[PDB]
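K.L.:
Here it is: the structure, laid out below.
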Amino acid sequence: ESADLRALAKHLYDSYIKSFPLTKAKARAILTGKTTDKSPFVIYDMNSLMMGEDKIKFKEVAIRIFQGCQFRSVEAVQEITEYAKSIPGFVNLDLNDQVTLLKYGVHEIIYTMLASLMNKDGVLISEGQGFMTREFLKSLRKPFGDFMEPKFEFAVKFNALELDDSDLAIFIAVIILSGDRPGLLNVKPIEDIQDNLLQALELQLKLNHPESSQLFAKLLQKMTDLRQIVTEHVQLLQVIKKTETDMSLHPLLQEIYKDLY
Amino acid sequence: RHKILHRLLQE
Ligand SMILES: CCCCCCCCCCCCCC(=O)O
């Protein structure tokens with residue numbers, strides 16, 4: 001019934017808060033000014049990047065930025081993995097199915113959650129203490145110029161739905177429990193869990209945004225946009241793996257990308 | 001295969 005679904009929402013929200021250092025709540029405070037904290041160091045060009053090394057943590061520039069984005073994704077994957085293990089029934093699944101779900105879902109969540117840190121002008125980094133501008137990321141030499149821009153385009157549309165952390169906690173869980181990922185061994189228990197999460201998400205969107213009608217339906221349409229940006233992103237990384245040599249992909253990300261789209 | 005992913009899960 002309704003009560004059980006609310007309890008699911010709340011367990012997931014608590015778990016999200018534990019797993020993810022920087023929430024959409026703080027990110028937005030930081031971005032609108034409303035936090036009393038020291039503003040993030042703005043990185044709008046090659047020099048500001050240089051001066052801002054003291055505020056962030058590890059050859060040419062495009063490559064260095066990409067490898068920084070790389071370090072952070074590994075930590076995202078780790079955080080997302082801990083979050084998944086808190087989704088009731090996830091750890092009882094066939095371990096190979098847990099791996100498949102993460103493998104295909106982690107990037108979809110990375111983009112979803114990256115939108116929390118983004119506006120039309122740029123993205124917060126190093127847990128809110130840098131802000132790297134969109135123009136600066138575009139201005140990178142190709143193929144690194146094209147890397148973040150589809151994430152900004154998506155974020156701009158996604159952020160219009162005005163979801164909060166409590167909504168997002170359930171949405172991310174729904175994404176993880178996708179019964180149609182390639183190579184799953186036992187679909188039914190995954191779909192049983194996702195059916196519950198989807199009900200929990202719908203109730204949540206009615207309660208938390210009663211003025212917003214069909215936010216639930218708008219949100220499901222975006223799960224498909226996410227797969228695109230993930231596919232588009234795998235291909236650009238395919239290009240980068242080939243056309244560049246002075247840079248190794250992190251092992252965890254190798255595990256994730258090989259035999260993926 | 002997926003040794004790290006496996007490791008992160010089994011933790
Ligand atoms: C992979 C796309 C380009 C690099 C973006 C790295 C984004 C890292 C922050 C994204 C939000 C992570 C979600 C989380 O905190 O688990």
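The chains in the structure tokens are called A, B, ... from first to last as shown; in each chain the residues are counted from 1, and the ligands are counted from 1 in the order shown.
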Which residues are near residue 2 in chain B? Cut-off 8 Å, only C-alpha atoms, ignore same chain within fewer than 5 positions. Put them as a list in words.
P.N.:
residues 99, 255 and 256 of chain A
K.L.:
Pick out the residues no farther than 7 Å from ligand 1, counting only C-alpha atoms and all ligand atoms, and list them as a list in words.
P.N.:
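Sorted by chain and then by number, the residues are residues 20, 21, 22, 69, 70, 72, 73, 76, 77, 79, 80, 107, 109, 110, 111, 113, 114 and 148 of chain A.
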K.L.:
Counting only C-alpha atoms, which residues of chain A sit at most 10 Å from some atom of chain B, and what is each one's closest atom pair with its distance in Å to one decimal, listed by chain and rising residue number, as a Markdown table?
P.N.:
| residue | atom | partner | partner_atom | distance |
| --- | --- | --- | --- | --- |
| A:77 | CA | B:5 | CA | 9.1 |
| A:78 | CA | B:8 | CA | 7.1 |
| A:79 | CA | B:8 | CA | 9.9 |
| A:81 | CA | B:9 | CA | 6.9 |
| A:82 | CA | B:9 | CA | 7.8 |
| A:84 | CA | B:9 | CA | 9.1 |
| A:85 | CA | B:9 | CA | 7.6 |
| A:91 | CA | B:9 | CA | 8.4 |
| A:95 | CA | B:6 | CA | 7.9 |
| A:96 | CA | B:6 | CA | 8.5 |
| A:98 | CA | B:9 | CA | 8.0 |
| A:99 | CA | B:5 | CA | 6.6 |
| A:100 | CA | B:2 | CA | 9.6 |
| A:102 | CA | B:5 | CA | 8.4 |
| A:103 | CA | B:5 | CA | 8.4 |
| A:251 | CA | B:4 | CA | 8.3 |
| A:252 | CA | B:4 | CA | 6.3 |
| A:253 | CA | B:5 | CA | 9.7 |
| A:254 | CA | B:2 | CA | 9.2 |
| A:255 | CA | B:2 | CA | 5.5 |
| A:256 | CA | B:2 | CA | 7.9 |
K.L.:
Generate a file of the selected residues that holds C-alpha atoms, formatted as a PDB file, in the first residue's frame.
P.N.:
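Heads up, here's the output in again00.pdb:
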ATOM      1  CA  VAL A  77      30.926   4.622  -9.641  1.00  0.00           C
ATOM      2  CA  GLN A  78      32.028   3.680  -6.136  1.00  0.00           C
ATOM      3  CA  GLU A  79      29.392   5.881  -4.534  1.00  0.00           C
ATOM      4  CA  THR A  81      27.763   0.979  -6.087  1.00  0.00           C
ATOM      5  CA  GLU A  82      27.312   1.595  -2.392  1.00  0.00           C
ATOM      6  CA  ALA A  84      22.781   0.169  -5.178  1.00  0.00           C
ATOM      7  CA  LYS A  85      23.547  -2.259  -2.342  1.00  0.00           C
ATOM      8  CA  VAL A  91      22.146  -7.757  -3.131  1.00  0.00           C
ATOM      9  CA  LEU A  95      25.924 -11.325  -8.506  1.00  0.00           C
ATOM     10  CA  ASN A  96      26.501 -11.368 -12.314  1.00  0.00           C
ATOM     11  CA  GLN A  98      24.306  -6.940 -10.023  1.00  0.00           C
ATOM     12  CA  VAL A  99      27.399  -6.376 -12.162  1.00  0.00           C
ATOM     13  CA  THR A 100      25.431  -6.052 -15.388  1.00  0.00           C
ATOM     14  CA  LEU A 102      25.839  -1.372 -12.554  1.00  0.00           C
ATOM     15  CA  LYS A 103      27.830  -1.712 -15.733  1.00  0.00           C
ATOM     16  CA  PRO A 251      40.932   0.059 -14.964  1.00  0.00           C
ATOM     17  CA  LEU A 252      37.436   0.339 -13.357  1.00  0.00           C
ATOM     18  CA  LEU A 253      36.236   2.317 -16.364  1.00  0.00           C
ATOM     19  CA  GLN A 254      37.779  -0.255 -18.730  1.00  0.00           C
ATOM     20  CA  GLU A 255      35.694  -2.984 -16.949  1.00  0.00           C
ATOM     21  CA  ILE A 256      32.582  -0.831 -17.507  1.00  0.00           C
TER      22      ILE A 256
END
K.L.:
For residue 141 in chain A, which of A:260, A:5, A:63, A:223 is the closest residue, counting only C-alpha atoms?
P.N.:
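Using only C-alpha atoms, the shortest distance to residue 141 in chain A belongs to A:63.
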K.L.:
With a distance cut-off of 10 Å and only C-alpha atoms, select the neighbouring residues of residue 234 in chain A, excluding the residue or stretch itself and same-chain residues fewer than 6 positions from it, and output the selection as an MDAnalysis selection string.
P.N.:
chainID A and resid 107 228 240 257:258 260:261
K.L.:
Could you write those residues out with C-alpha atoms, as an mmCIF file, in the first residue's frame?
P.N.:
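Listing of result_1.cif after writing:
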data_model
loop_
_atom_site.group_PDB
_atom_site.id
_atom_site.type_symbol
_atom_site.label_atom_id
_atom_site.label_comp_id
_atom_site.auth_asym_id
_atom_site.auth_seq_id
_atom_site.Cartn_x
_atom_site.Cartn_y
_atom_site.Cartn_z
ATOM 1 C CA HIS A 107 26.829 6.276 -16.542
ATOM 2 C CA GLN A 228 21.390 8.218 -25.945
ATOM 3 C CA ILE A 240 39.532 9.059 -27.718
ATOM 4 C CA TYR A 257 33.138 0.194 -21.169
ATOM 5 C CA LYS A 258 34.374 -2.979 -22.889
ATOM 6 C CA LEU A 260 29.097 -1.859 -23.968
ATOM 7 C CA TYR A 261 27.275 -0.398 -27.035
#
K.L.:
Skip residue 247 in chain A itself and residues of its chain fewer than 3 positions away, then list as an MDAnalysis selection string all residues within 9 Å of it, counting only C-alpha atoms.
P.N.:
chainID A and resid 59 63 67 241 244
K.L.:
Applying 7 Å and only C-alpha atoms, which residues near residue 12 in chain A remain after dropping the ones on its own chain fewer than 3 positions away? List them as a VMD selection string.
P.N.:
chain A and resid 8 to 9 15 to 16 87 169 to 170
